[PDB]
Protein chains: 2
Amino acid sequence: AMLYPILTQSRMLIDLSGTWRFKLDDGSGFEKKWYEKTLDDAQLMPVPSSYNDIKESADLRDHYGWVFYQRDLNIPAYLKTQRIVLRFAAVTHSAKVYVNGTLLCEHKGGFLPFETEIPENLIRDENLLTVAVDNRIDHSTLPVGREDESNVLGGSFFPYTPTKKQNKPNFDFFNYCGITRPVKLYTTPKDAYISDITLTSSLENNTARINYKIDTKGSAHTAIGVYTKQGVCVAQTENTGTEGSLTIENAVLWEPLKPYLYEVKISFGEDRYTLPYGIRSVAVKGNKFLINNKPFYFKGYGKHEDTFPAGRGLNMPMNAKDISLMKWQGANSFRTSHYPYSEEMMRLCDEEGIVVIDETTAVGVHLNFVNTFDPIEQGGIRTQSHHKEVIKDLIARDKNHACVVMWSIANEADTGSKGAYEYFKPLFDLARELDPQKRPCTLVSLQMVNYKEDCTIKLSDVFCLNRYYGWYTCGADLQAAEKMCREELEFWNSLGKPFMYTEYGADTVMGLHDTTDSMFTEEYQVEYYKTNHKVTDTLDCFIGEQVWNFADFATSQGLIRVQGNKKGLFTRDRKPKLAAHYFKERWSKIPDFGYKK
Amino acid sequence: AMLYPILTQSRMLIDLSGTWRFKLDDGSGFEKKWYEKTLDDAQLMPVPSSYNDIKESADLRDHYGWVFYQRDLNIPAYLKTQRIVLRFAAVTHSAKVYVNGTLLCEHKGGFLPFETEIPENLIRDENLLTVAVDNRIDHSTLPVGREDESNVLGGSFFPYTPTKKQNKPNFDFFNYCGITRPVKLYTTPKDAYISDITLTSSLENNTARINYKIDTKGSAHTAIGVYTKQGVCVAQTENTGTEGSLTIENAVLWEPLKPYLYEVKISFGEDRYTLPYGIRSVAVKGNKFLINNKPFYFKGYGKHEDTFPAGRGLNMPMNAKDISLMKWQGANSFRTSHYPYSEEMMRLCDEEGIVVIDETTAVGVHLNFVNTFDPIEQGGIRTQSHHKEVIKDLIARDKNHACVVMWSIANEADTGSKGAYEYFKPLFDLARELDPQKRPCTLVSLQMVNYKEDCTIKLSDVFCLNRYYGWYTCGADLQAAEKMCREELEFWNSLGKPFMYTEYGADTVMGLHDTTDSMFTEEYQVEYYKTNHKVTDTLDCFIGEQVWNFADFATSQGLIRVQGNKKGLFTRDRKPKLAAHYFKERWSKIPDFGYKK
Ligand SMILES: [Cl-]
Ligand SMILES: [Cl-]
Ligand SMILES: [Cl-]
Ligand SMILES: [Cl-]
C-alpha cells in the first residue's frame with residue numbers, strides 16, 4: 001500500500017531533497033561501514049537526480065556498482081508522538097537505507113516507491129541518513145542486463161577488451177541511476193491511520209456509484225466524503241468500516257483533454273487524507289477501445305523520463321512543459337516507456353486530462369535478440385518473481401488514476417519463442433486479479449519475422465505493436481516500407497481486436513535536411529510517418545498511434561546512436577522538428593473519439 | 001598517351017561544357033537509337049557535373065543503368081585542315097560516344113580521360129554529340145559493385161525486397177555518375193604532332209639533369225627548351241629525336257609547400273606544347289621517406305572529390321578553397337581516395353606545393369567483408385585485367401607531376417586472404433615498370449584481425465594503414481583504444497620500414513558536444529585523435545598521418561551513415577569542426593621534414 005504523501009491535518013510532510021553528500025564505492029564502503037559515520041572525502045550531489053550527468057567524469061557516468069548518498073537528519077523529538085515514516089519515491093536500481101548505522105530497509109526495483117518507519121528508539125539528537133544505491137543489472141533485474149549475450153546495437157567491427165567492468169544494458173535508454181525521485185519524511189497518527197484507499201465507479205444513468213475499500217491499521221471509525229472542485233459535498237457516509245459504496249447524482253465524468261477530479265476526503269480516527277479522483281469507464285468491445293462508452297483514438301507517444309542534466313530525475317517544470325506541448329500538438333495520450341513514471345507526473349496527467357498506458361519495468365526480457373524462457377536451471381531469464389512484484393506494486397500505486405486506461409506488462413520481450421506464453425500468462429492473470437477496475441492489459445510487441453507466433457495474440461486485450469517500416473527495414477525505400485507495412489498490418493486487422501502502434505519512428509538530427517528521401521533528415525521523418533499512415537488510416541481495427549519518441553533521449557554508446565536516440569518529434573530541449581509540426585497538423589484534424597466508428 | 005589539353009600556338013582548345021540535354025534511359029534508348037536524333041522530352045543538365053543531386057528526384061538520384069547526354073556541335077569547316085580531337089576528361093562509369101549517330105568510341109573506367117579523333121567525313125554542317133553514360137557496377141568494375149554479397153554498412157534488421165533494381169556499392173562513397181569532368185574539342189597539326197612527353201631528373205651537385213623522351217606521330221624535327229617562371233631559358237636542345245637529356249645549372253628544386261615549376265617547351269614540326277615541371281627526388285631508404293634526400297613527415301588527409309550540388313563534378317573554386325584550408329591548417333599532403341582526381345586539381349597541387357599519394361579506382365576488391373581471389377571460373381573477382389589498364393592509364397596521365405610521390409595500388413582489398421599476393425604482384429610489377437621515376441608503391445591496408453598476414457608486407461615500399469582504434473573498435477573506450485593501437489603498431493614499427501596512417505577518424509556531427517567522451521560529438525573527435533597520437537608519436541617508423549576525412553561527404557544510405565560520412569575535419573561546406581582547430585595547432589608544431597630523424 002503506497003498512498004502518495006500529502007500534507008494534511010493529521011500528517012506532516014517534510015521533503016529531504018536538496019544537496020546531499022555522495023561517494024563512489026571503491027570496493028570497501030560496506031566493509032569499512034561508511035554508513036556509520038559522516039562520509040569522508042565526498043562529493044556533493046543534488047537529490048532528486050540521476051548522478052551520472054551532474055559532473056564531467058566518465059568514470060562517474062560509467063560507474064559499475066554501489067554509491068553512497070548521505071545527509072544529516074536532525075528532527076524535533078516531539079515528532080516521536082507520531083508514527084514517523086521515510087518514503088523513497090524511487091531509488092534506481094536497488095537501495096540499502098541506514099539510519100545511524102542501523103540498516104532499516106532494502107529495496108529491489110528502481111522505479112517504484114518504498115518506505116520504512118523509523119523506530120523511535122533509533123532517533124538520537126543528531127542522526128545520519130545514508131542511502132546506498134546499486135546500479136548493477138543482470139538476468140534477474142528489471143530492466144534486464146546482459147551477462148554473456150552480445151551487444152547488438154553497440155557492437156564493434158572488431159572485438160576489444162573493455163578497460164573496466166561495466167553494465168551491459170539489454171535496453172536502449174541510458175542506465176541513469178541514483179536517488180531518482182524525492183525522499184521525504186512524513187507522519188501519521190500512531191494508533192490508527194489510513195493505509196490504502198481503493199475506488200471503483202459505475203455509471204447508472206447520470207448517477208455514478210463509487211465503491212470504496214478503505215484499508216486501515218488500528219481500531220477507529222471510518223468516514224468518506226466526495227466534494228466538487230469548488231467544495232460542495234455530493235456524497236458522504238460515516239462509520240462505514242472498510243468496504244462500502246455511495247452515489248453521485250449528475251456526476252461529471254473525467255474525459256480525455258476535459259478532466260474533472262472530485263476530492264475524496266477520508267477520516268479514520270484522527271487521520272485525514274484527501275485523494276483526487278476522476279470518474280470514467282474503460283472497456284474493450286469488439287475492435288473498439290471505449291472510454292466512457294465512446295470509441296477512442298490514441299494520439300501520442302512513447303515517452304522517457306529524460307532531461308538534462310538530471311537524467312531520469314524528477315523535473316517538475318519539464319513535466320508541465322511536456323504536457324503543454326502535448327496539448328499544443330493535439331495529442332491525447334502517452335505510454336510510460338519503459339518504467340513507472342513519477343507520481344507527480346501521474347497526478348498531473350489526471351489534472352490535465354492526458355490518457356496513460358502504464359507500463360512495468362520489464363524491458364529486456366529477451367536472451368536471443370539457451371532460450372529466454374527456459375527453466376532457470378537451464379539458464380532462462382530469472383525475472384518472473386520480481387516481475388510479479390513489480391505488477392503488484394505498480395497497480396497498488398496507480399490503481400485510482402482515471403488517466404491510466406491500460407497496463408503494459410512488458411516491452412519487447414521474446415514473445416515469439418517457446419515458453420513465452422507460460423511466462424506471461426500468470427502475469428496477465430495477476431494484473432487482472434489485482435486491478436479493481438479490470439482495465440485492459442497488453443504487452444508491447446517487438447518486431448519479428450514470425451509475428452503470427454507472438455503470444456500477445458493469446459493474452460492481450462489490445463495488440464500494441466512496435467514497428468519500424470522505413471527505418472530498421474526498408475530504410476530509404478518507403479514504397480517497399482508501405483507494401484511490407486500493409487502486408488503485416490492486414491493480418492492484425494483480420495483478428496477483429498483493437499490494435500495500435502506504440503512505437504514507430506526514424507532517427508532525425510535537427511538541422512539535417514534533404515528534399516530527396518535521406519535517412520536522418522527532418523524531411524525523411526515526415527515522409528516515414530506519411531507512408532505509415534497511408535496504411536494505418538485504412539485499417540478499421542487500428543485504434544491508436546503513439547510515436548517513438550516524444551523527445552530525443554540518452555542511450556548507451558554505439559555506431560547507430562548519434563548521441564543518444566534521435567527519434568524524438570522534439571529535441572532533448574523540447575524544440576519541434578519538422579515532424580512535430582506535421583503531427584500538430586495531422587492530430588488537429590483527427591478527433592479523440594469517433595475517428596473510426 | 002594523354003597530355004593535358006592546353007591552348008598553344010598550334011592547338012585550339014574549345015570547351016564544350018555548359019548546359020546539355022539529358023534523358024534517363026527507359027530501356028529503349030539504344031533500341032530506338034536516341035543518339036541519331038535530338039533527344040526528345042529531355043531535361044537539362046550542367047556539364048561537367050554528376051547528375052544525381054542536380055534535381056529533387058529520388059528516381060534520378062538512385063537511377064540504375066544508362067542515361068543520355070547530348071548537345072549540338074556546330075564547328076567551322078576550316079578546322080578540317082587540322083586534326084580534330086574530342087577529349088573526355090572523365091565520364092563515370094562507362095561511356096559510348098556518338099557523333100551524328102556514328103559510334104566513335106567507348107570507354108570503361110569512370111575517373112580517367114579518353115579521347116577520339118573526329119573523322120573529317122563525319123563532320124556535317126550541323127552535328128549532334130551524344131554521350132551515353134552507364135552507372136552500373138559489379139565484380140568486373142573498379143570501383144567494385146556487389147552481386148550476391150550482403151550489405152554490411154547498410155543492412156536492415158529485417159530483410160526486405162527493394163522496389164527497384166539498384167547498384168550495390170562495395171564502397172562507402174556515393175555512386176555519383178555522369179559527365180564528371182570537362183568535355184573539350186582540341187586540335188593539333190595533322191601531319192606531325194606531339195603525343196606524349198616523359199621527364200625524369202637527376203641531381204648532380206647543384207646541377208639537375210632532365211632526361212626526356214618525346215613521343216610523336218609523323219616525321220619532323222624535335223626541340224626542347226626549359227624556362228624559368230620569369231622566362232629565362234636555362235637549357236635547350238634542338239633536333240633531338242625522341243630521347244635525350246639536358247642539364248640545369250643551379251636548379252631550383254620543387255619542395256612541399258615551397259613549389260617551383262619550370263616551363264618545358266617542346267616543338268615538333270608545327271606543333272607546340274608547354275609542360276610545367278618541378279624538379280625533385282623521391283626515395284625510400286630504411287624507415288625514411290625521402291623527398292629531396294630529407295625525411296618527410298606526411299600531414300594531411302584522405303580526400304574525396306565531393307561538393308554540393310555537383311557531387312563528384314569538377315569544382316575549381318572549391319579546389320582552390322580546399323588547398324587554401326590545407327595551408328591554413330598546416331597540412332602538406334593528401335591521398336586521392338579512391339580514384340584519380342581531376343587534372344586541374346593535380347596541376348594546382350604542383351603549383352601550390354601539396355604532396356599527393358595518387359590512388360587507383362581499385363576500391364571494393366573484397367568479396368568476404370567463395371574467396372575474393374579465387375579463379376574467375378570459381379567466382380573470384382574479375383577486375384585484374386581492368387586493374388592493369390587503370391594503372392597504365394593513371395601513370396601515363398600523372399607521371400610528370402612533382403607532387404605525386406607514391407602510387408596506391410588499391411584501397412582496402414582482401415589482402416589478408418589466399419591468392420591476394422598472386423593478384424597484386426603483377427600490378428606492383430606493372431607500376432614499377434611503367435613509372436619512369438620508379439616512385440614508391442603501396443596498397444592501403446584494411447583493418448583486419450590477421451594483420452600480420454597482410455600481403456602488403458611482401459609488396460609495398462611504405463605500409464599504409466587504415467585504422468579506427470576508438471571508432472569501429474573500442475568506441476567510447478579510448479583507454480582500450482590506446483592499448484590496442486600500441487599492440488598492433490609496435491608490430492609494424494618492428495619491421496623497420498616506413499609506415500603511416502592513411503585513414504583514422506571518428507564520425508562527428510558539427511554542433512554535437514559533450515565534456516564527457518561521447519561518440520559523434522566534436523570533443524570525442526579531438527580525444528580520438530589525441531589518443532592515437534599518444535602512440536604514433538613514440539614510433540620512429542611512423543612517418544605520416546592522413547586523417548579520414550578532409551570533409552564530410554555523401555555515401556549510400558544506412559543506419560550508420562548520418563546523412564553521409566561525418567568523419568570530416570570540415571563540414572561539406574568546408575567549415576572547421578573542433579578537431580580542425582586541434583590539427584591546425586598540432587600540425588603548426590610539426591615540421592614537414594626532420595620530425596623523426
Ligand atoms: Cl528505450
Ligand atoms: Cl529505436
Ligand atoms: Cl569512401
Ligand atoms: Cl569510415
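Residues numbered from 1 in each chain as written, not as in the entry; some residues may be left out. Chains lettered and ligands numbered in written order. Part of a larger assembly, values for the part shown. Heavy atoms only, no water. Residues with missing side-chain atoms left out of burial classes, pairs and counts.

- By the naming in the PDB entry, chain A is Glycosyl hydrolase family 2, TIM barrel domain protein, taken from Treponema lecithinolyticum.

Examining the overall build of chain A
Here is step 1 of the chain: When helices and strands are counted, chain A shows nine helices and 28 strands.
Here is step 2 of the chain: Seen through its principal axes, chain A has C-alpha atoms that stretch 70 × 65 × 50 Å. (Helix = DSSP H or I, 4+ residues; strand = E, 2+ residues; numbered from the N terminus.)

Some details on the packing of aromatic side chains
Here is step 1 of the chain: According to the stated counting rule, one finds 82 aromatic pairs over all chains in the structure shown.
Here is step 2 of the chain: Geometrically, the ring pair formed by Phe30 of chain A and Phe68 of chain A is tilted, given 5.0 Å between the ring centres and 55 degrees between the ring planes. One end of the pair, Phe30 of chain A, is in the loop between β2 (18-24) and β3 (43-47); the other, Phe68 of chain A, is in strand β4 (residues 66-72), and 38 residues separate them in sequence.
Here is step 3 of the chain: The exposure class assigned to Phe68 of chain A is buried, which follows from its relative accessible area of 0%.
Here is step 4 of the chain: Seen in terms of ring centroids, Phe373 of chain B and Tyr423 of chain B are 4.7 Å apart; in terms of plane orientation they differ by 40 degrees. Their pairing is tilted. Placement of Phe373 of chain B in the loop between β23 (355-359) and α4 (384-398) and of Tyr423 of chain B in helix α5 (residues 420-434) is noted, with a sequence separation of 50 residues between them. (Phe/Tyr/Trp six-rings, centres within 6.5 Å; stacked < 30°, edge-to-face > 60°. Buried < 20%, exposed > 50% of the residue type's maximum accessible area, 1.4 Å probe, protein only.)

A word on the side chain of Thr222 of chain B
All names here are of chain B.
Here is step 1 of the chain: Residue placement: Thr222 occurs in strand β13 (residues 222-227).
Here is step 2 of the chain: In this structure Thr222 comes out as buried when scored by relative accessible area, which is 4%.
Here is step 3 of the chain: Within the local environment of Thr222, its side chain forms a polar contact with the backbone oxygen of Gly241, the two atoms lying 3.5 Å apart.
Here is step 4 of the chain: For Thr222, the contacting residues outside a window of four places in its chain are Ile214, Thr216, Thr237, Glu238, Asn239, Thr240, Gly241, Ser267 and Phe268. (Polar contact = N/O pair within 3.5 Å; in protein donor to acceptor, adjacent residues only side chain to side chain. Contact = heavy atoms within 4.5 Å.)

So, the interface of chain B and chain A
Here is step 1 of the chain: Contact with chain B, which involves 45 residues of that partner, is made by 45 residues of chain A.
Here is step 2 of the chain: Interface area lost by chain B to chain A is led by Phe158, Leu559 and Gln563 of chain B, which between them contribute 18%.
Here is step 3 of the chain: Between chain B and chain A we count 20 residue pairs in polar contact in total.
Here is step 4 of the chain: At the level of elements, α1 (58-61) and α7 (478-494) of chain B are the ones that each hand at least two residues to the side of chain B that touches chain A. (Buried area = accessible area lost by both parts, 1.4 Å probe.)

Looking at the sheet that holds strand β1 (residues 13-15) of chain B
Residue and element names in this part refer to chain B.
Here is step 1 of the chain: Spatial ordering of the open sheet is given by β1-β10-β5-β8, a layout of four strands whose pairing is antiparallel. The sheet terminates laterally at β1 and β8 (114-117), the two strands that pair on one side only. Each neighbouring strand pair of the sheet contributes to a mean axis angle of 20 degrees, computed without reference to strand direction.
Here is step 2 of the chain: As judged from the three bridges shared by β1 and strand β10 (residues 183-188), these two strands associate in the antiparallel manner. By the bridge assignment, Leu13 is partnered in β10 with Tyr186. (Pairing = 2+ DSSP bridges. Axes fitted to C-alpha atoms, helices over the stretch in contact; angles between N-to-C directions.)

Some thoughts on the relation of the copies chain B and chain A
Here is step 1 of the chain: Superposition record for chain B on chain A: RMSD 0.0 Å, screw rotation 180 degrees, translation along axis 0.0 Å. Taken together, the rotation angle and the small translation identify this as a two-fold axis. Scanning chain B for the C-alpha nearest the rotation axis identifies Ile560 of chain B, at a separation of 2.6 Å.
Here is step 2 of the chain: Residue by residue, 100% of the interface of chain B is reproduced at the interface of chain A, so both copies engage with the same surface. (Least-squares fit on C-alpha atoms.)

Observations concerning the state of the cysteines
Residues and elements named next belong to chain B.
Here is step 1 of the chain: The tally for this structure, following the rule as stated, stands at zero disulfides over all chains.
Here is step 2 of the chain: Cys105 carries a free sulfur, and the closest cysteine sulfur to it, the one in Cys177, is 17 Å from it.
Here is step 3 of the chain: Left without a disulfide partner, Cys464 is nearest to the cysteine sulfur of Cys441, which lies 11 Å away.
Here is step 4 of the chain: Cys464 gets classed as buried once you look at its relative accessible area, which sits at 0%. (Disulfide = S-S within 2.5 Å.)

Some remarks on helix α9 (residues 578-588) of chain B
Residue and element names in this part refer to chain B.
Here is step 1 of the chain: Buried within α9 we find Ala579, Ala580, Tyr582, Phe583, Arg586 and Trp587. Around the axis of α9, the buried residues are gathered within 155 degrees of arc, so they sit on the same side. Residues of α9 that are exposed and angled more than 90 degrees away from the buried face: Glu585 and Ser588. (Arc of directions from axis to C-beta.)

Section: the packing of α4 of chain B against α5 of chain B
When two helices pack together, you describe them by how their axes are tilted relative to each other and by the distance separating the axes.
All names here are of chain B.
Here is step 1 of the chain: Packing of α4 against α5 brings their axes to within 10 Å, and their N-to-C directions diverge by 20 degrees. As judged from the angle between their axes, α4 and α5 are roughly parallel. Crossing angle aside, the handedness with which α4 passes α5 is right-handed. In this structure, α4 contributes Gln384, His387, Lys388, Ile391, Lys392 and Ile395 to the contact, and α5 contributes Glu422, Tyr423, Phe424, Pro426, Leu427, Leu430, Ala431 and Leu434. (Parallel < 35°, antiparallel > 145°, perpendicular 65-115°, else oblique. Left-handed = near helix turned anticlockwise from the far one by under 90°.)

Quick look at the sheet that holds strand β19 (residues 288-291) of chain A
Residue and element names in this part refer to chain A.
Here is step 1 of the chain: Spatially, the three strands line up as an open sheet ordered β18-β19-β20, and their pairing is antiparallel. Only two strands of the sheet have a single partner each, and these edge strands are β18 (282-285) and β20 (294-295).
Here is step 2 of the chain: One ladder, built from two bridges, connects β19 with β20; its direction is antiparallel. In the strand pairing of β20, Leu290 is matched with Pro295.

Thoughts on a nonpolar patch on the surface
Here is step 1 of the chain: On the surface, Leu7, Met12 and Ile14 of chain A cluster together into a nonpolar patch covering about 270 Å² of accessible area.
Here is step 2 of the chain: Positionally, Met12 of chain A belongs in the segment before β1 (13-15). (Patch = residues over 30% accessible without salt bridge, like charges linked within 9 Å, V, L, I, M, F, W, Y side chains within 5 Å. Areas by Shrake-Rupley, 256 points an atom, 1.4 Å probe, with all protein chains shown as cover. Salt bridge = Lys/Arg side-chain N within 4 Å of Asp/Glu carboxyl O.)

A few points about unusual backbone geometry
Here is step 1 of the chain: Following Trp548 of chain A, the chain continues to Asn549 of chain A via a peptide bond in cis, the omega torsion being 5 degrees.
Here is step 2 of the chain: Relative to the elements of secondary structure, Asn549 of chain A occurs in the loop between β28 (542-548) and α9 (578-588).
Here is step 3 of the chain: Note that the residue after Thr92 of chain B, namely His93 of chain B, is joined by a cis bond; omega there is 5 degrees.
Here is step 4 of the chain: Inspection of the secondary structure assignment puts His93 of chain B in the loop between β5 (83-88) and β6 (94-99).
Here is step 5 of the chain: For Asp41 of chain A, which is not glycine, the phi torsion reads 55 degrees and is therefore positive.
Here is step 6 of the chain: Not every positive phi belongs to a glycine, and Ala476 of chain A is a case in point at roughly 65 degrees.
Here is step 7 of the chain: Here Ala476 of chain A is to be found in the loop between β26 (463-466) and α7 (478-494).
Here is step 8 of the chain: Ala476 of chain A gets classed as partly exposed once you look at its relative accessible area, which sits at 25%.

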